Structure formats: structure tokens, C-alpha cells
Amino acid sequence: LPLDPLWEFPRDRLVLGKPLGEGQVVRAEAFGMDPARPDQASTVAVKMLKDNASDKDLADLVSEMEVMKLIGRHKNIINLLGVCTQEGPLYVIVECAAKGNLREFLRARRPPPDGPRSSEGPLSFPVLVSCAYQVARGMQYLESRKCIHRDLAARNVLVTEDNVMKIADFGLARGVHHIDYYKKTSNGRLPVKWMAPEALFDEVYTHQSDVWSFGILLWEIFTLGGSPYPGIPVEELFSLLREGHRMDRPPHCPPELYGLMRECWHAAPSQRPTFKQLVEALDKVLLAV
């Protein structure tokens, strides 16, 4: 509740709109986010507390806000724009990504005799590689800021109107010591399927456990938004991970990209690439195509 003049934004310059998801996130119009253009409208996302409002919920949002302030700006993350902390409910104002999360972006754009482009879907291989590259660059930035994501997944990458990838929800209290591994979200997601083995079995989280998750995200990309470990119940996932099993190479995926996935899933975190190495490896592919 103390005033931070660097980040404080007058709440009466916000017009809240339709909710985006559930703290909870609401789309809003902001006037004068740029103090040089005080009447200029922009669209932003506003994170706020739900109606439940427990003291732990508030602490978690305040903690997220403080991570937001120190992370700095990067093109491939959702950036803090401002906060409302005085004379009203706590708002954390961040960039809005017009096309939604990357999983929904891909699933809505899967390939399909009217006109000359009947076989042509919206998604091409170089653009998919660019999505992976941009996520790696954002993750590399986050890692250099000493930010571990802990649930990196296509659902947590957002897509701007210009198809820029932005990592979202990176500075969050994740309830690491009480994960319901069998928990399925309302959209059917089993988040345990993105956890590195050292995170799942030992509750150990490093930038290399994020590299594991990036490998799963790579698989999501090149299945155009498929769900990982298809048809493997959580009980069976435990055992196959204990046996060293990995996902198969997805169809229409070049061996360069499945190779990168398998590196990302090496048992020993030291045998996985760094994000810096993933950026370079992906840059080489992007340039070649």
C-alpha cells in the first residue's frame, strides 16, 4: 500500500472491459499511459483480486507486482505498464495480447477447393520456428533476470496483433510444495505434463527445469497446439518418466526440431541446452528457412 511514483497510474484513467480469464485479468482501456499523450487511448490487461480476497491472495498479487517492477522490459515478455495501489482495489496493469495464448492461436489456425489456395493454411514452418525462437529469447531474458518461470507452457505465452510472442505469468507464487499432480484445469490441461523430472520428483526448480518445459512447449508448437503425452493418464506418466520414456516425434516435424526437443528432455539438467544455446540453434534454423 505505499505509493510508488515510478509505477503508480491513476485508476480513473482506466475503463474496465470484458474479463479475459481467472487473481483475475480484465481487458481495459487506458488513457494517457504515455504521459506525453495524456488523452490517447490504449488497450491494456488489468490483473486484480477475485471476490474471494484472502490475505494470501493479496500477498501473491503484491509479490507478482514486485517481480514485475524489477524484471525490466523485453519484447518477448508481458511487460508491466503501471499499478493502482491507492484509494481503491489493487490493480496490476500489463500489456494486452490481442490474439490470446499461443495454444489457442495454433489450434485455431490448423490447416483445412475454393480459389487457388485451398491447401494453404495460415501457419507455415518458418513462422512456427519464429514462435519458438521468440519464446527462447524471452526465456533467455527472464533467466538472466534470475526469473524461473516454473510453468512454461504454450498456454502461458501470449500472441500480439503482430504475432510477437510474449511470455506471461512468469513471476508467480506457484504453490510448489502442494501441487495436486492429478489436477486438471477447466480447459482440460494437466500441468504436471510440463514439469521437469527434478521438479516433479524432487521439488527442485532451476533454469534447466524451465528448459525441460520449453521442450514440451516446442512439441506443442509443432503439433499446432496438441496436448502433450497424448492419452497418458497422470498415474501412467509417473511410471513412464521413471522408465525414461519420451514423446514421439510428431508428424510433419523436421528432425532438427525433434532433436532439440529430445535435448531439452535429457535426464541430467546439465545435459540440456541453455536458453542461450536454444536461441542460437533456433536462429540458425530460422535464418535458413
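Rigid core: the largest C-alpha set superposing within 1.5 Å between the two forms. All residue numbers are counted from 1 along the displayed sequence.
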Inset, instruction - State which stretch is farther from the displayed form on average in 4 other deposited structures of this protein, 219-227 or 46-54, counting RMS CA distance after fitting on the rigid core. - result: 46-54
Legend entry - Divergent stretch in 4 other deposited structures of this protein, 169-177 or 117-125 [C-alpha RMS, superposed by the core]: 169-177
Inset, instruction - Using what the record says, work out whether there is a hole in the model between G88 and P89 and how many deposited residues it spans (none, 1 to 3, 4 to 9, 10 or more). - result: none
Inset, instruction - Enter the number of deposited residues without atomic coordinates between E22 and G23, binned as none, 1 to 3, 4 to 9, or 10 or more. - result: 1 to 3
Inset, instruction - Determine, for stretches 193-201 and 143-151, which one has the higher mean CA B-factor as deposited. - result: 143-151
Legend entry - Mean C-alpha B-factor comparison - 122-130 and 170-178, higher one: 170-178
Inset, instruction - Among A41, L260, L49, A45, single out the one with the highest C-alpha B factor in the record, please. - result: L49
Legend entry - Per the PDB entry, maximal CA B factor within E161, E95, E104, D114: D114
Legend entry - Chain-relative CA temperature factor third for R110: middle
Inset, instruction - Select lowest, middle or highest to describe the third in which the CA B-factor of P230 falls within its chain in this entry. - result: highest
Legend entry - CA B-factor placement of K99, once the chain's modelled residues are sorted into thirds: lowest
Inset, instruction - Looking at the entry's B-factor column for C-alpha atoms only, identify whether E256 ranks in the lowest, middle or highest third of its chain. - result: middle
Inset, instruction - Please place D57 in the lowest, middle or highest third of its chain by C-alpha B factor as given in the entry. - result: highest
